[PDB]
Undergrad: 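I am attaching a structure below and will ask some questions about it afterwards.
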Number of protein chains: 2
Amino acid sequence: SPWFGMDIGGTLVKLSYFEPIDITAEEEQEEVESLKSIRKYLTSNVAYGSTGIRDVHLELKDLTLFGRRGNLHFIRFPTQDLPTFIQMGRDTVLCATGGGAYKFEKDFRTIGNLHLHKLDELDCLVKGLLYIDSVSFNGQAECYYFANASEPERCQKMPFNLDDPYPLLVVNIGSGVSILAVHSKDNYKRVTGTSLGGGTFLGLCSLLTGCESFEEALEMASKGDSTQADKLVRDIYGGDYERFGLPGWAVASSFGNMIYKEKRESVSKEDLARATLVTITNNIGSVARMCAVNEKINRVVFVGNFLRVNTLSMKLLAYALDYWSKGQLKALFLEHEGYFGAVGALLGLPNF
Amino acid sequence: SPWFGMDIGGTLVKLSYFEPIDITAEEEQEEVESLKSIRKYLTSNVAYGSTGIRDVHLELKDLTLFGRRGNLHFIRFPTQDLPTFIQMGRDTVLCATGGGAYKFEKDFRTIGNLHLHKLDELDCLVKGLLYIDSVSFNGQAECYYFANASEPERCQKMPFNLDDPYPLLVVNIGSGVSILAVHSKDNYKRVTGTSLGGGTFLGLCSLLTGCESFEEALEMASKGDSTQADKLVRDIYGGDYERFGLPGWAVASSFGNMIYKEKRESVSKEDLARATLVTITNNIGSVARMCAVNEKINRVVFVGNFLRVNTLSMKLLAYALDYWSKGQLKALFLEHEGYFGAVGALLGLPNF
Ligand SMILES: Nc1ncnc2c1ncn2[C@@H]1O[C@H](COP(=O)(O)OP(=O)(O)NP(=O)(O)O)[C@@H](O)[C@H]1O
Ligand SMILES: Nc1ncnc2c1ncn2[C@@H]1O[C@H](COP(=O)(O)OP(=O)(O)NP(=O)(O)O)[C@@H](O)[C@H]1O
Ligand SMILES: CS(=O)(=O)Nc1ccc(CC(=O)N2CCN(c3ccc(Cl)nn3)CC2)cc1
Ligand SMILES: CS(=O)(=O)Nc1ccc(CC(=O)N2CCN(c3ccc(Cl)nn3)CC2)cc1
Ligand SMILES: [Mg+2]
Ligand SMILES: [Mg+2]
């Protein structure tokens, strides 16, 4: 049976697949054509159907897992298309996490004899994050930050060492946001969450701009000026609010200039996309900072797929966390940010 | 000169006016017709021009202030119409607070010989809040809460004693949100703020629904179902997420169902208004709870005009704070919630 780990989220299904590369002569004979067809289908295609994608650049090559050498592959598709995935599977032991492991349990069991083992979505996140950091990204650091995040002429991605990862605040930005405090490999808590997450960005963007993909929303936002929609401190005070250290450029009221009809009539879709992105990202950063101060943790790592191909939000988080914390907190990022739950699920396989 | 206190905010101007009622025979003679015209204009009208309103029900009658007996009146109009107010004034010492005291300083000085004294917006809030609570609301409590906020057959407004008000977390929901920790009458700090405030509600509502007043946005929201727009925990898990105590009804992703085109096509304007209100209010409640836990304060009072005639948001705050804190925090409300800055400014008059 193939070794798969699956994280079925509110928006995306993430799949980690271990392809063995040490297949001996006898093992290849004693393999059923169905298994060979699966392996060849997955390794010879980068798109699967109309909505599945293999993230080839994330592949971990020549990993030793469960005593075998192989390549770890990372695959995603929308949860909306899980019926297609299951139907293909109908025409093995599955470690699955995320809410969909529960919601679609009965659907997975329409696959004859399949054994479904549900694992907790935050247990899997912590286990997968710690594992990937431990084995490295093909010899490169899994974890990085933006050095000198306050000056754009200097700001650059740089590696960060997590050899002693504890304590750690993990901010998981998916459909919503979950915030975890990790104190040891077996001691962690869900501190809180917020419902202003990636699904809010995409949902509001679609309502406001008519965009029909995450990537299109980001492209619009890169062209926009959020200050056309937001009311800034300087719009209220005429400058800084000096007494409490609020600079004139800080947002006082997100979308607050949209209470004026003439401003609603002149704002562009790109401006509204950028204001949505800035609003969601700043709120996540601020909640992360408050949790970090309360948990007495100074390293904050952001994961989840809201940040995939989203350098705007990563740089905003890096700058905002550093600026508003007076340098006490650092925003950390991970190359495999969307996939840790799926890896953690795969790692649960020996228990079954 | 008339005794006025003014708070010029990003959205509304709030004015407190002390009308003396112990005017002797000689004082009435030695009063200039301009002053008499002002007093009669203010006390004989409840609407001023097209956008000014006197909140008659908030009037404090027979208050002793600066050694005189009088009535304290509460008046509001949009900051957008401040040019009209100043032009009327051109055709006295003014204690003014809010950002507009700085932004419009030069405009106020077009009134000949007028002495403008700028006072800090959060100093004035604390002073005015403590003062009004101290003198009472015409013998009734200024402060109230919703008793048994978890059961609607029981939930009812009840008075709350703030005789020993410290410590206190003050959540000021205006255009944006400011959060204050008040430890004594002269010891308080701005803990943080969020830009997801009343201006976000009104701005997003106008973009999404075409409403053109705060009151119309609230009326739409009262008719809506926010779960048509929001993705809930049960939409992701099929039920509760038991492991971390998340009930199926909790919002996992605000507007998160709007990533689906078919759902964007069936949602009503009333549903979007309600989802906007719920999103903003829950985020404010959650930020308040985190600040309360970090400041080690268990009494949280909400002020500002986002909550005027807004019982939906007050009940949501009351319920959410009690539910998510496991009963450790209580949401408190104040009858004069929008006007404390203007009163605090008026109270600064003896210093000039
Ligand atoms: N191709 C995409 N399609 C949809 N959303 C995308 C895509 N790429 C990036 N995103 C963003 O990724 C977010 C979902 O991130 P993800 O970490 O996969 O969440 P999830 O696990 O499916 N949700 P959750 O149940 O809350 O844990 C979406 O809300 C988008 O903001
Ligand atoms: N008649 C109204 N017109 C406009 N907004 C109203 C009205 N009534 C209630 N509101 C709400 O009141 C909020 C403004 O509250 P308010 O406490 O007066 O803020 P402000 O002081 O003007 N802003 P700030 O500069 O941030 O302190 C608006 O964002 C609305 O959500
Ligand atoms: C695991 S998931 O897949 O279902 N995703 C997921 C599920 C839920 C959430 C939101 C969350 O965690 N909430 C809700 C908000 N909340 C409040 C609200 C008002 C107050 Cl006063 N206090 N707290 C705290 C708890 C985020 C993401
Ligand atoms: C006094 S006013 O009239 O001008 N109104 C007013 C002014 C400003 C604000 C927002 C605020 O206080 N902010 C900004 C957000 N912020 C962040 C952001 C990212 C991170 Cl990582 N951390 N913190 C904290 C500080 C609210 C209301
Ligand atoms: Mg997830
Ligand atoms: Mg104000």
Side-chain angles (χ1 to χ4, degrees), chain A residues 7-14 49-53 76-85 98-100 103-104 172-178 193-221 224 255 269-270 272-281 283-284 304-310 312-313 337-338, chain B residues 204 207-209 224-238 250-269 271-276 278-279 282-283:
Chain A
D7 179 358
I8 303 112
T11 305
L12 299 180
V13 177
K14 283 75 57 169
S50 289
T51 60
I53 301 172
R76 56 183 158 89
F77 61 90
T79 304
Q80 202 169 25
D81 297 311
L82 188 58
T84 297
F85 176 89
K103 189 183 171 183
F104 306 112
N172 183 20
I173 316 167
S175 305
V177 183
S178 295
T194 164
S195 61
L196 292 171
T200 310
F201 169 65
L202 193 53
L204 266 181
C205 240
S206 303
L207 286 168
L208 293 172
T209 73
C211 66
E212 291 190 10
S213 80
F214 176 77
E215 290 84 0
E216 182 188 5
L218 292 185
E219 290 174 12
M220 285 179 175
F255 297 94
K269 291 179 170 189
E270 292 85 9
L272 291 174
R274 181 66 161 260
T276 308
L277 183 162
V278 167
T279 299
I280 295 312
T281 302
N283 179 252
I284 294 169
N305 282 308
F306 172 67
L307 298 179
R308 64 164 291 271
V309 300
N310 185 2
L312 204 34
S313 284
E337 51 205 340
Chain B
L204 266 181
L207 286 168
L208 293 172
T209 73
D225 170 6
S226 61
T227 70
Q228 299 304 305
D230 292 342
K231 188 176 285 180
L232 305 185
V233 170
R234 63 178 178 239
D235 298 325
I236 299 181
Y237 271 82
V251 178
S253 174
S254 298
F255 297 94
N257 271 340
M258 301 292 87
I259 70 164
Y260 308 109
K261 183 187 196 70
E262 60 274 16
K263 294 187 185 168
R264 294 195 300 275
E265 281 169 3
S266 66
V267 71
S268 68
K269 291 179 170 189
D271 299 336
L272 291 174
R274 181 66 161 260
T276 308
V278 167
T279 299
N282 267 321
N283 179 252

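In the text below, chain A, chain B and the rest are named by the order of the sequence lines, each starting its count at 1.
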Undergrad: Could you tell me whether the side chain of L272(A) reaches within less than 4.5 Å of the side chain of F255(A), counting heavy atoms only?
TA: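 The answer is yes, as the side chains (C-beta and beyond) meet within the 4.5 Å cut-off.
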Undergrad: Determine the minimum heavy-atom distance between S253(B) and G176(A), stating which atoms define it.
TA: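 Taking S253(B) first and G176(A) second, the nearest heavy atoms are CB-N, 4.1 Å.
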Undergrad: Could you tell me if the side chain of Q228(B) sits less than 4.5 Å from the side chain of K263(B), heavy atoms only?
TA: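 No, side chains not in contact.
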Undergrad: Work out which heavy atom in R274(B) is nearest to a heavy atom in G224(B); give both atom names and the distance.
TA: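 Looking at all heavy atoms of both residues, the closest pair is NH1-O, 3.7 Å.
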Undergrad: Show your reasoning for whether side chain to side chain contact (heavy atoms under 4.5 Å, CB included) applies to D235(B) and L232(B).
TA: CA-CA 5 Å; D235(B) 298 325; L232(B) 305 185; 3.7 Å; yes
Undergrad: How many angstroms lie between CE in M258(B) and CG in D271(B), if you round to the nearest 0.5 Å?
TA: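 If I round to the nearest 0.5 Å, the distance is 8.5 Å.
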Undergrad: If I take atom CD from residue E216(A) and atom NZ from residue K269(A), how far apart are they, to the nearest 0.5 angstrom?
TA: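 Between atom CD of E216(A) and atom NZ of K269(A) there are 8.5 Å.
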Undergrad: Taking the side chain as everything from C-beta on, heavy atoms only, tell me whether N257(B) gets closer than 4.5 Å to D230(B).
TA: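 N257(B) does not reach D230(B) side chain to side chain.
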Undergrad: For the CZ atom of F306(A) and the OG1 atom of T200(A), what is their distance to the nearest 0.5 Å?
TA: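 If I round to the nearest 0.5 Å, the distance is 9.5 Å.
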Undergrad: Side chains of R264(B) and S206(A): closer than 4.5 Å at any heavy-atom pair?
TA: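 They are in side-chain contact.
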Undergrad: What do the steps show when you test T79(A) against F104(A) for side chain to side chain contact (heavy atoms under 4.5 Å, CB included), and what is the final call?
TA: CA-CA 10 Å; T79(A) 304; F104(A) 306 112; 3.8 Å; yes
Undergrad: Side chains of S254(B) and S195(A): any donor to acceptor distance under 3.5 Å?
TA: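 The answer is yes; a qualifying pair exists.
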Undergrad: Any heavy-atom pair between the side chains of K14(A) and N305(A) that's under 4.5 Å?
TA: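 Yes - at least one pair of side-chain heavy atoms lies under 4.5 Å apart.
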Undergrad: Any side-chain heavy atom of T209(A) sitting closer than 4.5 Å to one from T276(A)?
TA: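 No, their side chains stay 4.5 Å or more apart.
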Undergrad: Taking all non-hydrogen atoms of both residues into account, name the closest pair between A221(A) and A273(A) and its distance.
TA: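 Of all heavy-atom pairs spanning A221(A) and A273(A), the closest is N-CB, 3.7 Å.
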Undergrad: Looking at CD of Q80(A) and OG1 of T51(A), how far apart are the two atoms once the value is rounded to the nearest 0.5 Å?
TA: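 So the CD of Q80(A) and the OG1 of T51(A) are separated by 9.0 Å.
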Undergrad: Check step by step if side chain to side chain contact (heavy atoms under 4.5 Å, CB included) holds for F214(A) and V309(A).
TA: CA-CA 10 Å; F214(A) 176 77; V309(A) 300; 4.1 Å; yes
Undergrad: Which heavy atom of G98(A) sits nearest a heavy atom of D7(A), and at what distance?
TA: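 Taking every non-hydrogen atom into account, CA-OD1, 3.5 Å.
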Undergrad: Could you check if a side-chain atom of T279(B) sits within less than 4.5 angstrom of a side-chain atom of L196(A), using non-hydrogen atoms only?
TA: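 Contact flag for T279(B)/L196(A) side chains = yes.
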Undergrad: State the CD1-CD1 distance between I173(A) and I280(A), to the nearest 0.5 angstrom.
TA: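 The distance works out to 10.5 Å.
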Undergrad: Is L208(B) close to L204(A) at the side-chain level, that is, under 4.5 Å between some pair of heavy atoms?
TA: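 Yes; the side chains approach each other to less than 4.5 Å.
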Undergrad: Of the non-hydrogen atoms in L277(A) and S313(A), which two are nearest, and what is the gap between them?
TA: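 The answer is CD2-OG, 3.2 Å.
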Undergrad: Work out which heavy atom in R308(A) is nearest to a heavy atom in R76(A); give both atom names and the distance.
TA: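 Shortest heavy-atom separation between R308(A) and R76(A) comes out as NH2-NH2, 3.2 Å.
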Undergrad: At what distance, to the nearest 0.5 angstrom, does CG of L307(A) lie from CG of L312(A)?
TA: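 Between atom CG of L307(A) and atom CG of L312(A) there are 11.0 Å.
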Undergrad: Under the criterion side chain to side chain contact (heavy atoms under 4.5 Å, CB included), I'd like the reasoning laid out for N172(A) against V177(A): C-alpha separation, chi angles, the key distance, then a yes or no.
TA: CA-CA 6 Å; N172(A) 183 20; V177(A) 183; over 6 Å; no
Undergrad: Is a side-chain donor or acceptor of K231(B) paired with a backbone partner of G199(A) at a separation under 3.5 angstrom?
TA: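 It does not hold such a pair.
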Undergrad: Measure up the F85(A) and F77(A) rings against each other and bin them: parallel (under 30°), tilted (30 to 60°), perpendicular (over 60°).
TA: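 Geometry flag for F77(A) against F85(A): parallel rings.
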Undergrad: Does the side chain of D81(A) pick up a donor-acceptor pair with the side chain of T84(A) at under 3.5 Å?
TA: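 Their side chains do not contain a donor-acceptor pair, so the 3.5 Å distance test is not met.
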